[PDB]
Amino acid sequence: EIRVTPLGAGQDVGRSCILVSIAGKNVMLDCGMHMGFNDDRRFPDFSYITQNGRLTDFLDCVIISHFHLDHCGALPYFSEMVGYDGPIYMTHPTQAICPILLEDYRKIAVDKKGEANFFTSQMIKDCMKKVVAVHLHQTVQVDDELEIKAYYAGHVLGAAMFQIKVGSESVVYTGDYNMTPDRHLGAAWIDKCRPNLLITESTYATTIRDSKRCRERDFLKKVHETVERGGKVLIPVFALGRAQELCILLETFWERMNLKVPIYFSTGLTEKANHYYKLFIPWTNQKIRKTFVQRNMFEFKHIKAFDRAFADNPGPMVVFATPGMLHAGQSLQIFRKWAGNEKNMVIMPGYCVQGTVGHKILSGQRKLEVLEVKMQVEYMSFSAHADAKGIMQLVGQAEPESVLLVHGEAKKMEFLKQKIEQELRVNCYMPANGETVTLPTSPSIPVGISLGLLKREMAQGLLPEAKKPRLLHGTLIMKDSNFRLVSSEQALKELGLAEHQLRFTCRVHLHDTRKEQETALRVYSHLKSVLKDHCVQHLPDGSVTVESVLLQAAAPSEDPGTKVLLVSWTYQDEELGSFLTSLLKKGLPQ
RNA sequence: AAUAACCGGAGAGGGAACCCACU
Ligand SMILES: [Zn+2]
Ligand SMILES: [Zn+2]
């Protein structure tokens with residue numbers, strides 16, 4: 001049976017972490033933190049996986065979906081202080097990207113919280129030394145029986161679904177993923193695996209994201225008119241993910257329109273983001289991975305590293321900035337610099353954290369902290385998550401038998417569950433963090449078989465006698481190692497046992513005046529006339545043969561009015577033998 | 001679902017005597 005325990009993201013978001021007990025094996029999918037809980041409660045609990053012992057004893061392998069903090073932030077914490085030496089699996093881009101983000105988060109924690117018990121740079125290096133890489137569709141054998149497979153997801157560069165398969169049981173964990181192709185990442189694609197269980201997100205289960213092409217059309221019209229009006233453009237987006245997508249879109253449109261106004265990209269994370277997005281072309285969808293032959297889209301002709309002192313520079317400008325949340329806001333610096341002007345635009349392409357400067361700007365009040373904002377804000381949505389139609393399509397394609405939702409809100413969880421149960425007639429759940437859910441398996445045991453038996457049985461099935469039970473028979477030799485199904489005669493020869501033969505000879509008593517000499521001929525004629533399509537023959541010695549039943553006119557008995565007919569048959573044809581005896585009990589025609 | 005950490009972050013260490021040579 002399958003046991004699923006979400007240590008986080010249970011009808012919630014952040015610090016995603018799932019535990020799967022399958023066929024007696026424990027696998028930990030994803031282990032990250034989440035902001036907002038300055039206490040240790042941000043990290044996933046570990047008192048349930050192993051309580052207070054050694055983790056490797058109970059756990060089998062750790063799986064990381066993608067490099068977003070809320071998924072890859074707990075690796076140093078989970079694997080260094082708590083203690084873990086087991087295999088950690090994660091795609092090459094994830095392995096290359098997560099270390100930088102982890103170091104940045106470590107520095108941010110030092111600078112803001114300064115938690116005493118916090119992983120250190122040396123410890124991150126030690127943790128990442130213990131990683132193992134996985135390419136697309138590469139089945140990696142964690143052990144002799146457990147294997148993991150990856151898939152292209154596209155939530156960010158290198159994001160991947162995972163199919164954890166053992167024997168016949170299999171569980172597909174999607175984590176964060178997108179089904180709408182972006183401008184640099186292809187849509188997630190999967191086989192028709194038909195898993196028993198499917199873990200998926202619901203971050204946008206209640207929002208049918210509209211036509212992305214038209215959304216970006218509107219975005220580009222706004223930026224064009226903004227540059228025309230002479231104002232400046234500030235685009236806050238966190239340095240990874242959406243930043244590069246915006247950069248590609250603007251760069252291509254920009255080269256096409258041949259516009260010359262210089263555009264700047266926030267420094268700091270550029271030197272690493274661009275380098276990785278440049279060295280990892282073989283993940284970035286068809287358009288880029290083809291166009292790569294001539295030029296390399298990530299070597300930008302018109303995007304240059306930003307400079308702080310350019311903030312005062314006149315003339316219309318376009319500048320990306322960090323972070324998308326504005327909590328600290330190097331972007332917020334320029335925002336405060338230009339807040340007075342009404343000519344400039346600003347775009348917020350994502351959801352802001354409620355109760356922060358993000359929400360204060362989200363709301364339209366001028367007084368946002370007491371300083372008044374005057375420039376114009378546009379609340380765009382360029383999220384790379386899964387829309388309700390995306391989830392429904394993905395589940396339909398995978399054709400699973402049970403679903404399980406995490407990474408979202410409880411009410412949307414409920415709406416999505418109701419809709420999916422009504423639609424696909426599939427079991428669903430809603431585990432709250434720390435709640436274990438059990439599901440029954442179908443562990444069908446495999447078996448060997450001899451080729452010839454199957455060959456002739458299939459030939460018989462091919463013959464137009466189907467729909468009549470042919471009763472596939474034989475016997476199963478068991479060694480406790482290699483169960484092999486064999487035919488009766490093959491088993492007989494293999495085991496050396498004697499082929500016991502069971503013979504029944506019935507004395508039919510015929511009471512009629514017909515001569516004994518013609519009795520056998522009468523029997524032959526009557527059987528040939530009655531048993532249609534039966535092999536009825538008259539042997540030269542006066543006996544009769546019906547299939548394998550031999551009818552012999554015995555020697556004359558002491559009763560003149562009674563004639564003895566020995567009907568001898570084997571057990572296999574005993575059905576026809578008994579039928580012949582019953583027919584003959586009625587007596588021969590006279 | 002995380003953000004510019006000075007980014008040419010530069011002061012220097014004997015001295016005391018003797019002889020030579022330039023005006
Ligand atoms: Zn994510
Ligand atoms: Zn996430």
# chains A, B, ... in the order shown; residues from 1 in each chain; ligands from 1

$ interface_residues --of "chain B" --to "chain A" --cutoff "7 Å" --atoms "only C-alpha atoms (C1' of nucleotides)" --output "PDB file with C-alpha atoms (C1' of nucleotides), in the first residue's frame"
ATOM      1  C1'   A B   1       9.033  33.129  -3.702  1.00  0.00           C
ATOM      2  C1'   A B   2      14.566  36.539  -1.660  1.00  0.00           C
ATOM      3  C1'   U B   3      18.161  41.740  -2.592  1.00  0.00           C
ATOM      4  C1'   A B   4      23.569  46.981  -4.528  1.00  0.00           C
TER       5        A B   4
END

$ residues_near_ligand --ligand "ligand 1" --cutoff "10 Å" --atoms "only C-alpha atoms (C1' of nucleotides) and all ligand atoms" --output "list in words"
residues 13, 14, 16, 65, 66, 67, 68, 69, 70, 71, 72, 155, 156, 159, 175, 176, 177, 201, 203, 241, 384, 385 and 407 of chain A; 1 of chain B

$ residues_around --residues "residue 288 in chain A" --least-positions-apart "6" --cutoff "8 Å" --atoms "only C-alpha atoms (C1' of nucleotides)" --output "list in words"
residues 184, 281, 296 and 297 of chain A

$ write_last_selection --atoms "N, CA, C and O atoms" --output "PDB file, in the first residue's frame"
ATOM      1  N   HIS A 184      10.685  31.201 -23.434  1.00  0.00           N
ATOM      2  CA  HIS A 184      11.962  30.503 -23.467  1.00  0.00           C
ATOM      3  C   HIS A 184      11.927  29.093 -22.901  1.00  0.00           C
ATOM      4  O   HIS A 184      12.912  28.372 -23.077  1.00  0.00           O
ATOM      5  N   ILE A 281      21.779  25.742 -22.572  1.00  0.00           N
ATOM      6  CA  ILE A 281      20.851  25.825 -23.698  1.00  0.00           C
ATOM      7  C   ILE A 281      19.967  24.591 -23.813  1.00  0.00           C
ATOM      8  O   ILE A 281      18.764  24.744 -24.079  1.00  0.00           O
ATOM      9  N   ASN A 296      23.427  33.293 -30.190  1.00  0.00           N
ATOM     10  CA  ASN A 296      23.037  32.758 -28.895  1.00  0.00           C
ATOM     11  C   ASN A 296      22.157  33.795 -28.223  1.00  0.00           C
ATOM     12  O   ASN A 296      22.643  34.858 -27.827  1.00  0.00           O
ATOM     13  N   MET A 297      20.870  33.480 -28.080  1.00  0.00           N
ATOM     14  CA  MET A 297      19.910  34.497 -27.670  1.00  0.00           C
ATOM     15  C   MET A 297      20.273  35.101 -26.324  1.00  0.00           C
ATOM     16  O   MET A 297      19.852  36.218 -26.007  1.00  0.00           O
TER      17      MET A 297
END

$ residues_around --residues "range 392-394 of chain A" --least-positions-apart "5" --cutoff "10 Å" --atoms "only C-alpha atoms (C1' of nucleotides)" --output "number ranges by chain"
A: 174, 178-179, 188-190, 200, 205, 386-387, 399-400, 416, 419-420, 423-424

$ write_last_selection --atoms "N, CA, C and O atoms" --output "tab-separated table (two decimals), in the first residue's frame"
chain	number	residue	atom	x	y	z
A	174	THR	N	4.64	16.01	-9.42
A	174	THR	CA	4.91	17.06	-10.39
A	174	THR	C	5.56	18.28	-9.77
A	174	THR	O	6.30	18.99	-10.46
A	178	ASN	N	4.45	24.05	-15.35
A	178	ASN	CA	3.63	24.86	-16.24
A	178	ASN	C	3.25	24.04	-17.46
A	178	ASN	O	4.05	23.24	-17.95
A	179	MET	N	2.03	24.25	-17.94
A	179	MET	CA	1.57	23.61	-19.16
A	179	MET	C	1.40	24.59	-20.31
A	179	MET	O	1.20	24.15	-21.45
A	188	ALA	N	5.49	21.46	-20.07
A	188	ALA	CA	5.74	20.16	-19.49
A	188	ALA	C	5.12	19.07	-20.34
A	188	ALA	O	4.00	19.21	-20.84
A	189	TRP	N	5.84	17.96	-20.49
A	189	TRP	CA	5.37	16.83	-21.28
A	189	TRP	C	5.63	15.54	-20.54
A	189	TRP	O	6.63	15.42	-19.82
A	190	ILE	N	4.75	14.56	-20.73
A	190	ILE	CA	4.79	13.32	-19.97
A	190	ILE	C	4.32	12.17	-20.85
A	190	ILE	O	3.66	12.36	-21.87
A	200	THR	N	0.24	16.76	-7.19
A	200	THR	CA	0.29	17.94	-8.04
A	200	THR	C	-0.01	19.19	-7.23
A	200	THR	O	-0.56	19.13	-6.13
A	205	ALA	N	-5.41	26.85	-9.22
A	205	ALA	CA	-6.45	25.90	-9.59
A	205	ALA	C	-7.79	26.57	-9.85
A	205	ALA	O	-8.64	25.98	-10.51
A	386	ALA	N	0.55	26.63	-13.00
A	386	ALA	CA	-0.41	25.81	-13.72
A	386	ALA	C	-1.82	26.35	-13.54
A	386	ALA	O	-2.28	26.54	-12.41
A	387	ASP	N	-2.50	26.57	-14.66
A	387	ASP	CA	-3.88	27.01	-14.65
A	387	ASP	C	-4.81	25.80	-14.53
A	387	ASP	O	-4.45	24.67	-14.87
A	399	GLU	N	-3.46	10.04	-17.08
A	399	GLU	CA	-4.46	9.02	-16.79
A	399	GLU	C	-4.11	8.28	-15.50
A	399	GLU	O	-3.91	7.06	-15.52
A	400	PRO	N	-4.03	8.98	-14.38
A	400	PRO	CA	-3.77	8.31	-13.10
A	400	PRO	C	-5.05	7.69	-12.54
A	400	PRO	O	-6.11	7.70	-13.17
A	416	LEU	N	-11.14	22.57	-6.63
A	416	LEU	CA	-10.50	21.71	-7.61
A	416	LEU	C	-10.85	20.25	-7.38
A	416	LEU	O	-11.10	19.51	-8.34
A	419	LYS	N	-14.42	19.63	-8.61
A	419	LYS	CA	-14.49	19.60	-10.07
A	419	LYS	C	-13.88	18.33	-10.63
A	419	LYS	O	-14.45	17.69	-11.51
A	420	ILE	N	-12.71	17.94	-10.12
A	420	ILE	CA	-12.01	16.79	-10.69
A	420	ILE	C	-12.77	15.51	-10.39
A	420	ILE	O	-12.89	14.63	-11.26
A	423	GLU	N	-15.57	15.32	-12.69
A	423	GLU	CA	-15.19	15.22	-14.10
A	423	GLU	C	-14.63	13.85	-14.45
A	423	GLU	O	-15.21	13.11	-15.24
A	424	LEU	N	-13.49	13.49	-13.85
A	424	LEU	CA	-12.73	12.33	-14.28
A	424	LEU	C	-13.07	11.06	-13.53
A	424	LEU	O	-12.54	10.00	-13.86

$ select_by_dssp --residues "range 199-337 of chain A" --states "strand (DSSP E or B)" --output "list in words"
residues 199, 200, 201, 204, 232, 233, 234, 235, 236, 263, 264, 265, 303, 304, 305, 317, 318, 319, 320 and 321 of chain A

$ atom_distance --atom1 "CA of residue 379 in chain A" --atom2 "CA of residue 274 in chain A"
26.4 Å

$ select_by_dssp --residues "range 100-346 of chain A" --states "helix (DSSP H, G or I)" --output "JSON, numbers by chain"
{"A": [100, 101, 102, 103, 104, 105, 106, 107, 108, 109, 110, 111, 112, 121, 122, 123, 124, 125, 126, 127, 128, 129, 212, 213, 214, 215, 216, 217, 218, 219, 220, 221, 222, 223, 224, 225, 226, 227, 228, 242, 243, 244, 245, 246, 247, 248, 249, 250, 251, 252, 253, 254, 255, 256, 257, 270, 271, 272, 273, 274, 275, 276, 277, 278, 279, 285, 286, 287, 288, 289, 290, 291, 308, 309, 310, 311, 312, 330, 331, 332, 333, 334, 335, 336, 337, 338]}

$ closest_residue --among "A:19, A:502, A:127, A:309" --to "residue 333 in chain A" --atoms "only C-alpha atoms"
A:309

$ residues_around --residues "residue 549 in chain A" --least-positions-apart "2" --cutoff "8 Å" --atoms "only C-alpha atoms (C1' of nucleotides)" --output "number ranges by chain"
A: 545-547, 551, 567-570, 573, 576-577

$ write_last_selection --atoms "N, CA and C atoms" --output "PDB file, in the first residue's frame"
ATOM      1  N   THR A 545     -14.176 -47.111 -32.832  1.00  0.00           N
ATOM      2  CA  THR A 545     -13.409 -46.057 -32.183  1.00  0.00           C
ATOM      3  C   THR A 545     -14.134 -44.732 -32.351  1.00  0.00           C
ATOM      4  N   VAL A 546     -14.455 -44.091 -31.229  1.00  0.00           N
ATOM      5  CA  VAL A 546     -15.062 -42.764 -31.212  1.00  0.00           C
ATOM      6  C   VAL A 546     -14.080 -41.859 -30.482  1.00  0.00           C
ATOM      7  N   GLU A 547     -13.341 -41.048 -31.236  1.00  0.00           N
ATOM      8  CA  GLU A 547     -12.252 -40.261 -30.671  1.00  0.00           C
ATOM      9  C   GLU A 547     -11.225 -41.195 -30.038  1.00  0.00           C
ATOM     10  N   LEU A 551     -14.990 -49.237 -28.363  1.00  0.00           N
ATOM     11  CA  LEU A 551     -16.146 -50.086 -28.107  1.00  0.00           C
ATOM     12  C   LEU A 551     -15.893 -51.451 -28.733  1.00  0.00           C
ATOM     13  N   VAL A 567     -17.061 -50.612 -23.369  1.00  0.00           N
ATOM     14  CA  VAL A 567     -16.721 -49.251 -23.758  1.00  0.00           C
ATOM     15  C   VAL A 567     -15.587 -48.809 -22.845  1.00  0.00           C
ATOM     16  N   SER A 568     -14.378 -48.732 -23.393  1.00  0.00           N
ATOM     17  CA  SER A 568     -13.187 -48.391 -22.633  1.00  0.00           C
ATOM     18  C   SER A 568     -12.710 -47.002 -23.029  1.00  0.00           C
ATOM     19  N   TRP A 569     -12.405 -46.184 -22.026  1.00  0.00           N
ATOM     20  CA  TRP A 569     -12.014 -44.805 -22.273  1.00  0.00           C
ATOM     21  C   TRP A 569     -11.041 -44.351 -21.197  1.00  0.00           C
ATOM     22  N   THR A 570     -10.294 -43.301 -21.520  1.00  0.00           N
ATOM     23  CA  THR A 570      -9.378 -42.678 -20.581  1.00  0.00           C
ATOM     24  C   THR A 570     -10.092 -41.579 -19.800  1.00  0.00           C
ATOM     25  N   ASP A 573     -10.856 -38.190 -21.876  1.00  0.00           N
ATOM     26  CA  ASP A 573     -12.062 -38.279 -22.685  1.00  0.00           C
ATOM     27  C   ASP A 573     -13.212 -38.933 -21.933  1.00  0.00           C
ATOM     28  N   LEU A 576     -16.800 -37.845 -22.932  1.00  0.00           N
ATOM     29  CA  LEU A 576     -17.382 -38.505 -24.095  1.00  0.00           C
ATOM     30  C   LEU A 576     -17.641 -39.978 -23.809  1.00  0.00           C
ATOM     31  N   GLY A 577     -16.797 -40.604 -22.987  1.00  0.00           N
ATOM     32  CA  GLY A 577     -17.050 -41.989 -22.615  1.00  0.00           C
ATOM     33  C   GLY A 577     -18.352 -42.152 -21.854  1.00  0.00           C
TER      34      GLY A 577
END

$ atom_distance --atom1 "CA of residue 36 in chain A" --atom2 "CA of residue 355 in chain A"
11.2 Å

$ residues_around --residues "residue 554 in chain A" --least-positions-apart "3" --cutoff "9 Å" --atoms "only C-alpha atoms (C1' of nucleotides)" --output "PyMOL selection string"
chain A and resi 507+557+563-566

$ write_last_selection --atoms "N, CA, C and O atoms" --output "mmCIF file, in the first residue's frame"
data_model
loop_
_atom_site.group_PDB
_atom_site.id
_atom_site.type_symbol
_atom_site.label_atom_id
_atom_site.label_comp_id
_atom_site.auth_asym_id
_atom_site.auth_seq_id
_atom_site.Cartn_x
_atom_site.Cartn_y
_atom_site.Cartn_z
ATOM 1 N N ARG A 507 -19.445 -52.115 -19.073
ATOM 2 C CA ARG A 507 -20.110 -53.219 -19.761
ATOM 3 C C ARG A 507 -21.542 -52.801 -20.066
ATOM 4 O O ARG A 507 -22.434 -52.943 -19.227
ATOM 5 N N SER A 557 -21.966 -63.886 -23.572
ATOM 6 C CA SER A 557 -22.199 -64.094 -22.153
ATOM 7 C C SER A 557 -23.118 -65.295 -21.947
ATOM 8 O O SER A 557 -23.675 -65.859 -22.893
ATOM 9 N N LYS A 563 -26.152 -58.908 -24.585
ATOM 10 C CA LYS A 563 -24.880 -58.773 -25.281
ATOM 11 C C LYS A 563 -24.042 -57.728 -24.561
ATOM 12 O O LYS A 563 -24.543 -56.651 -24.222
ATOM 13 N N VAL A 564 -22.774 -58.052 -24.324
ATOM 14 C CA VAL A 564 -21.870 -57.199 -23.562
ATOM 15 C C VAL A 564 -21.032 -56.378 -24.531
ATOM 16 O O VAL A 564 -20.394 -56.927 -25.440
ATOM 17 N N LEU A 565 -21.034 -55.063 -24.337
ATOM 18 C CA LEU A 565 -20.210 -54.142 -25.109
ATOM 19 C C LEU A 565 -19.276 -53.435 -24.135
ATOM 20 O O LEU A 565 -19.731 -52.683 -23.267
ATOM 21 N N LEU A 566 -17.978 -53.691 -24.266
ATOM 22 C CA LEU A 566 -16.976 -53.034 -23.436
ATOM 23 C C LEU A 566 -16.661 -51.678 -24.050
ATOM 24 O O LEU A 566 -16.081 -51.602 -25.139
#

$ decode --residues "range 99-115 of chain A" --atoms "N, CA and C atoms" --output "tab-separated table (two decimals), in the first residue's frame"
chain	number	residue	atom	x	y	z
A	99	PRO	N	22.86	26.39	-5.44
A	99	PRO	CA	23.89	26.89	-4.51
A	99	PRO	C	23.94	28.40	-4.39
A	100	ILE	N	23.82	29.12	-5.50
A	100	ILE	CA	23.89	30.58	-5.43
A	100	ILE	C	22.72	31.13	-4.63
A	101	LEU	N	21.52	30.63	-4.90
A	101	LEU	CA	20.35	31.10	-4.16
A	101	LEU	C	20.46	30.76	-2.68
A	102	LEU	N	20.97	29.57	-2.36
A	102	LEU	CA	21.14	29.20	-0.96
A	102	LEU	C	22.14	30.12	-0.27
A	103	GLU	N	23.24	30.44	-0.94
A	103	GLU	CA	24.21	31.36	-0.35
A	103	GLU	C	23.59	32.73	-0.14
A	104	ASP	N	22.83	33.21	-1.12
A	104	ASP	CA	22.19	34.52	-0.97
A	104	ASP	C	21.21	34.52	0.19
A	105	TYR	N	20.42	33.45	0.32
A	105	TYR	CA	19.47	33.36	1.42
A	105	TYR	C	20.20	33.28	2.76
A	106	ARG	N	21.33	32.59	2.79
A	106	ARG	CA	22.15	32.52	4.00
A	106	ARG	C	22.62	33.92	4.40
A	107	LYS	N	23.13	34.67	3.42
A	107	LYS	CA	23.59	36.03	3.71
A	107	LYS	C	22.44	36.91	4.16
A	108	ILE	N	21.27	36.76	3.54
A	108	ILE	CA	20.11	37.56	3.91
A	108	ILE	C	19.68	37.24	5.34
A	109	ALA	N	19.68	35.95	5.69
A	109	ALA	CA	19.35	35.56	7.05
A	109	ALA	C	20.33	36.16	8.04
A	110	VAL	N	21.63	36.11	7.72
A	110	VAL	CA	22.62	36.72	8.60
A	110	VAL	C	22.34	38.21	8.76
A	111	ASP	N	22.04	38.89	7.66
A	111	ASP	CA	21.92	40.34	7.70
A	111	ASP	C	20.64	40.79	8.39
A	112	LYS	N	19.56	40.02	8.29
A	112	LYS	CA	18.27	40.45	8.83
A	112	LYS	C	17.92	39.74	10.13
A	113	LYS	N	17.88	38.41	10.12
A	113	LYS	CA	17.52	37.64	11.30
A	113	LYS	C	18.73	37.33	12.17
A	114	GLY	N	19.80	36.82	11.56
A	114	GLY	CA	20.98	36.45	12.30
A	114	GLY	C	20.75	35.28	13.23
A	115	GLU	N	20.04	34.26	12.73
A	115	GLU	CA	19.74	33.06	13.55
A	115	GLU	C	21.05	32.35	13.89
